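Pasted below: query-v3.txt, compact mmCIF, C-alpha atoms.
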# COMPACT_ATOMS: atom_id res chain seq x y z
CA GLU I 80 -139.42 -72.47 -207.56
CA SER I 81 -136.87 -75.23 -208.11
CA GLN I 82 -137.88 -78.64 -206.74
CA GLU I 83 -134.53 -78.65 -204.94
CA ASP I 84 -135.25 -75.22 -203.43
CA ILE I 85 -138.79 -76.22 -202.44
CA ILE I 86 -137.50 -79.38 -200.75
CA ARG I 87 -134.65 -77.57 -198.99
CA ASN I 88 -136.95 -74.90 -197.58
CA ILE I 89 -139.65 -77.29 -196.35
CA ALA I 90 -137.05 -79.56 -194.80
CA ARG I 91 -135.42 -76.60 -193.04
CA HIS I 92 -138.72 -75.47 -191.57
CA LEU I 93 -139.60 -79.00 -190.49
CA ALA I 94 -136.24 -79.40 -188.80
CA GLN I 95 -136.67 -76.05 -187.07
CA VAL I 96 -140.12 -77.01 -185.79
CA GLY I 97 -138.77 -80.36 -184.66
CA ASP I 98 -135.79 -78.73 -182.92
CA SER I 99 -138.06 -76.28 -181.11
CA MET I 100 -140.40 -79.09 -179.93
CA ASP I 101 -137.58 -81.43 -178.95
CA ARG I 102 -137.35 -82.30 -175.26
CA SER I 103 -134.30 -84.56 -175.46
CA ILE I 104 -131.40 -83.77 -173.18
CA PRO I 105 -129.57 -80.91 -175.02
CA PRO I 106 -125.82 -80.79 -175.75
CA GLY I 107 -123.27 -79.17 -173.48
CA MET A 1 -131.20 -108.07 -191.02
CA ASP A 2 -134.50 -106.48 -189.96
CA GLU A 3 -136.36 -107.87 -192.97
CA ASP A 4 -139.32 -109.28 -191.04
CA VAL A 5 -139.72 -105.80 -189.53
CA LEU A 6 -139.73 -103.20 -192.32
CA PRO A 7 -143.25 -104.03 -193.53
CA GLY A 8 -144.54 -103.62 -190.00
CA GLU A 9 -142.80 -100.28 -189.52
CA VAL A 10 -144.28 -98.85 -192.70
CA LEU A 11 -147.69 -100.15 -191.69
CA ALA A 12 -147.47 -98.62 -188.18
CA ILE A 13 -146.60 -95.21 -189.64
CA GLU A 14 -149.44 -95.51 -192.16
CA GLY A 15 -151.75 -96.19 -189.25
CA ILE A 16 -150.60 -92.95 -187.61
CA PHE A 17 -151.50 -91.07 -190.79
CA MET A 18 -154.84 -92.92 -190.94
CA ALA A 19 -155.62 -92.28 -187.28
CA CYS A 20 -154.33 -88.71 -186.87
CA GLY A 21 -154.76 -87.38 -190.38
CA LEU A 22 -157.95 -89.10 -191.50
CA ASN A 23 -159.58 -90.04 -188.17
CA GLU A 24 -160.14 -93.59 -189.38
CA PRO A 25 -159.27 -97.09 -188.16
CA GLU A 26 -156.09 -98.90 -189.16
CA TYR A 27 -155.37 -102.53 -190.08
CA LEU A 28 -153.77 -103.82 -186.88
CA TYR A 29 -153.88 -102.91 -183.21
CA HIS A 30 -150.77 -100.99 -182.09
CA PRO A 31 -151.26 -100.39 -178.33
CA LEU A 32 -147.89 -98.71 -177.85
CA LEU A 33 -148.88 -96.05 -180.35
CA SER A 34 -152.12 -94.98 -178.62
CA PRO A 35 -150.39 -92.25 -176.54
CA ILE A 36 -148.22 -91.28 -179.51
CA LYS A 37 -151.27 -90.73 -181.70
CA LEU A 38 -152.94 -88.66 -178.96
CA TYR A 39 -149.79 -86.55 -178.70
CA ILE A 40 -149.72 -86.01 -182.46
CA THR A 41 -153.40 -85.11 -182.58
CA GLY A 42 -152.62 -82.51 -179.91
CA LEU A 43 -149.70 -81.07 -181.89
CA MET A 44 -151.93 -80.88 -184.96
CA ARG A 45 -154.57 -78.89 -183.06
CA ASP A 46 -152.15 -76.58 -181.27
CA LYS A 47 -149.86 -75.98 -184.28
CA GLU A 48 -152.27 -76.17 -187.24
CA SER A 49 -151.48 -72.67 -188.53
CA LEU A 50 -147.75 -73.43 -188.59
CA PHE A 51 -148.11 -76.53 -190.75
CA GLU A 52 -150.68 -75.00 -193.09
CA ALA A 53 -148.25 -72.12 -193.63
CA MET A 54 -145.41 -74.51 -194.49
CA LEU A 55 -147.41 -75.53 -197.59
CA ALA A 56 -148.85 -72.07 -198.26
CA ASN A 57 -147.32 -71.52 -201.71
CA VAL A 58 -146.65 -75.22 -202.43
CA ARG A 59 -148.79 -76.96 -205.09
CA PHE A 60 -148.75 -80.33 -203.36
CA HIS A 61 -152.15 -81.72 -204.50
CA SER A 62 -150.48 -83.95 -207.09
CA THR A 63 -148.34 -87.05 -207.16
CA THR A 64 -145.21 -84.99 -207.89
CA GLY A 65 -146.04 -82.62 -205.07
CA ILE A 66 -146.69 -85.44 -202.58
CA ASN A 67 -143.39 -86.98 -203.63
CA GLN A 68 -141.64 -83.66 -202.96
CA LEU A 69 -143.04 -83.64 -199.43
CA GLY A 70 -141.63 -87.13 -198.90
CA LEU A 71 -138.26 -85.94 -200.19
CA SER A 72 -138.57 -83.04 -197.76
CA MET A 73 -138.91 -85.46 -194.89
CA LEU A 74 -135.72 -87.19 -195.97
CA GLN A 75 -133.88 -83.86 -195.99
CA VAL A 76 -134.83 -83.00 -192.39
CA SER A 77 -131.73 -84.94 -191.30
CA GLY A 78 -129.59 -83.25 -193.97
CA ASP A 79 -127.45 -81.65 -191.27
CA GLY A 80 -126.70 -85.11 -189.81
CA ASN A 81 -128.93 -84.63 -186.75
CA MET A 82 -132.03 -86.51 -185.68
CA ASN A 83 -133.96 -86.20 -182.45
CA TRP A 84 -137.37 -87.09 -181.08
CA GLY A 85 -138.82 -83.65 -181.82
CA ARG A 86 -137.93 -83.98 -185.50
CA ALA A 87 -139.32 -87.53 -185.63
CA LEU A 88 -142.62 -86.27 -184.21
CA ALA A 89 -142.55 -83.31 -186.60
CA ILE A 90 -142.16 -85.73 -189.54
CA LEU A 91 -145.07 -87.90 -188.35
CA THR A 92 -147.25 -84.83 -187.67
CA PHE A 93 -146.48 -83.37 -191.08
CA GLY A 94 -147.36 -86.63 -192.83
CA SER A 95 -150.63 -86.71 -190.91
CA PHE A 96 -151.41 -83.16 -191.94
CA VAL A 97 -150.75 -84.03 -195.57
CA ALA A 98 -153.17 -86.95 -195.38
CA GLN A 99 -155.77 -84.74 -193.74
CA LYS A 100 -155.50 -82.11 -196.44
CA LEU A 101 -155.99 -84.80 -199.13
CA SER A 102 -158.99 -86.35 -197.43
CA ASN A 103 -161.44 -85.22 -200.13
CA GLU A 104 -159.22 -86.47 -203.01
CA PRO A 105 -159.23 -90.29 -202.71
CA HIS A 106 -156.64 -91.08 -205.38
CA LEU A 107 -154.15 -88.61 -203.99
CA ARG A 108 -154.91 -89.57 -200.38
CA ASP A 109 -154.31 -93.22 -201.22
CA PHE A 110 -151.09 -92.30 -203.03
CA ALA A 111 -149.88 -90.40 -200.00
CA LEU A 112 -150.66 -93.35 -197.72
CA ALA A 113 -148.74 -95.64 -200.15
CA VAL A 114 -145.51 -93.59 -200.27
CA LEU A 115 -145.23 -91.22 -197.32
CA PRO A 116 -144.97 -93.99 -194.67
CA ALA A 117 -141.85 -95.32 -196.37
CA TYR A 118 -140.40 -91.83 -196.73
CA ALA A 119 -141.07 -91.14 -193.05
CA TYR A 120 -139.54 -94.47 -192.03
CA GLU A 121 -136.38 -93.57 -193.88
CA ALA A 122 -136.42 -89.94 -192.68
CA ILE A 123 -136.56 -90.96 -189.02
CA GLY A 124 -133.79 -93.48 -189.51
CA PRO A 125 -134.54 -97.09 -188.60
CA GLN A 126 -131.15 -97.63 -186.97
CA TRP A 127 -131.40 -94.36 -185.02
CA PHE A 128 -134.93 -95.23 -183.92
CA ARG A 129 -134.14 -98.80 -182.87
CA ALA A 130 -131.06 -97.77 -180.86
CA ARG A 131 -133.40 -95.59 -178.76
CA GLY A 132 -136.02 -98.24 -178.06
CA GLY A 133 -138.14 -97.59 -181.12
CA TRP A 134 -141.80 -97.16 -180.42
CA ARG A 135 -141.37 -98.01 -176.73
CA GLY A 136 -138.86 -95.18 -176.52
CA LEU A 137 -141.20 -92.77 -178.30
CA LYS A 138 -144.13 -93.84 -176.11
CA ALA A 139 -142.01 -93.07 -173.01
CA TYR A 140 -140.94 -89.69 -174.40
CA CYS A 141 -144.57 -88.80 -175.15
CA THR A 142 -145.85 -89.87 -171.71
CA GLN A 143 -143.02 -88.81 -169.41
CA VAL A 144 -142.27 -85.32 -170.70
CA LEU A 145 -144.16 -82.04 -170.68
CA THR A 146 -144.84 -80.64 -174.12
Taking this structure as input, can you express it in the form of structure tokens?
Amino acid sequence: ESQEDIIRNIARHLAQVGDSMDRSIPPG
Amino acid sequence: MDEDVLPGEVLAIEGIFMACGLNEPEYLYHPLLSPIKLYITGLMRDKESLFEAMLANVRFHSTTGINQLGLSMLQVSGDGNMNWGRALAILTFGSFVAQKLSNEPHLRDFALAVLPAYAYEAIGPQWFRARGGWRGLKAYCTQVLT
């Protein structure tokens, strides 16, 4: 409900989607 | 000093939102971005339900709500990491937001006036340039299987 909570959750989901789509060479 | 460049970066991103989100022409011709826009349009089709669910219980049809989505883009790199997938996710999300505002001109125009700058900062201009910028992203989008 907090703006900070809203922003944190959306950002986390966006980063997770990005990370799943990413086709950069992964770390060892 | 990339001062001559920042206006053009924000404009290129706005043209992605115009092209992919609103299916409308942009102000200048960006040939390198043609395959990038096609790729984004494909992500939007194949992952529509995912993005619409991100905003399911978010009251974003307001200037404060649009702002919060821009702040959300900035926080994607909160963990200190950036990568091409996240960059594309940011650009796809901005395009979806424009699309969803397409019947609300004042809010649509607000989103096109602020989200490009948020996305520019969220991607990271130094990070992006060090990787060839739009030429790098065009190569990623053309050389690699989804």
Query raised in the report: Near chain I, which residues of chain A fall within 8 Å when you count all atoms listed in the file, and what do they look like as JSON, numbers by chain?
Result: {"A": [54, 58, 68, 69, 71, 72, 73, 74, 75, 76, 77, 83, 84, 85, 86, 87, 88, 89, 90, 144, 146]}
**Report entry** Length of the atom CA of residue 130 of chain A to atom CA of residue 145 of chain A vector [Å]
**Finding:**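 Separation of atom CA of residue 130 of chain A and atom CA of residue 145 of chain A: 22.9 Å.
As for atom CA of residue 55 of chain A and atom CA of residue 91 of chain A, they are spaced 15.6 Å apart.
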Query raised in the report: In Å to one decimal, how far is atom CA of residue 28 of chain A from atom CA of residue 8 of chain A?
Result: 9.7 Å
Report task. Write out as a VMD selection string which residues come within 10 Å of segment 94-105 of chain A when counting only C-alpha atoms, dropping same-chain ones fewer than 3 positions away. Result -> chain A and resid 13 to 23 40 to 41 44 48 51 to 52 55 60 to 62 66 69 to 70 73 88 to 91 108 to 112 115 to 116 118 to 119
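Counting all atoms listed in the file, residue 6 of chain A has the following residues at most 12 Å away, ignoring those fewer than 3 positions along the same chain: residues 1, 2, 3, 9, 10, 11, 12, 13, 116, 117, 120, 121, 124, 125, 126 and 129 of chain A.
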Regenerate segment 94-106 of chain A at the level of N, CA and C atoms and dump it as a compact mmCIF listing (two decimals), in the frame of the given file.
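Saved as selection-v1.txt:
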# COMPACT_ATOMS: atom_id res chain seq x y z
N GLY A 94 -146.71 -85.62 -192.02
CA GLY A 94 -147.36 -86.63 -192.83
C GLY A 94 -148.84 -86.73 -192.55
N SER A 95 -149.23 -86.64 -191.26
CA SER A 95 -150.63 -86.71 -190.91
C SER A 95 -151.38 -85.52 -191.44
N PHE A 96 -150.75 -84.33 -191.38
CA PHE A 96 -151.41 -83.16 -191.94
C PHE A 96 -151.60 -83.30 -193.43
N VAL A 97 -150.63 -83.90 -194.11
CA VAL A 97 -150.75 -84.03 -195.57
C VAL A 97 -151.92 -84.95 -195.92
N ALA A 98 -152.03 -86.07 -195.20
CA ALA A 98 -153.17 -86.95 -195.38
C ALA A 98 -154.47 -86.23 -195.13
N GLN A 99 -154.55 -85.48 -194.03
CA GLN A 99 -155.77 -84.74 -193.74
C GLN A 99 -156.15 -83.82 -194.88
N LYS A 100 -155.18 -83.09 -195.40
CA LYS A 100 -155.50 -82.11 -196.44
C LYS A 100 -155.91 -82.76 -197.75
N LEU A 101 -155.60 -84.05 -197.94
CA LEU A 101 -155.99 -84.80 -199.13
C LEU A 101 -157.25 -85.62 -198.91
N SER A 102 -157.96 -85.40 -197.80
CA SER A 102 -158.99 -86.35 -197.43
C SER A 102 -160.18 -86.33 -198.38
N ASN A 103 -160.33 -85.30 -199.19
CA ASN A 103 -161.44 -85.22 -200.13
C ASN A 103 -161.01 -85.59 -201.55
N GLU A 104 -159.79 -86.10 -201.71
CA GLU A 104 -159.22 -86.47 -203.01
C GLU A 104 -158.73 -87.90 -202.88
N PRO A 105 -159.61 -88.88 -203.02
CA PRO A 105 -159.23 -90.29 -202.71
C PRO A 105 -157.96 -90.79 -203.39
N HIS A 106 -157.81 -90.54 -204.70
CA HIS A 106 -156.64 -91.08 -205.38
C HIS A 106 -155.36 -90.50 -204.82
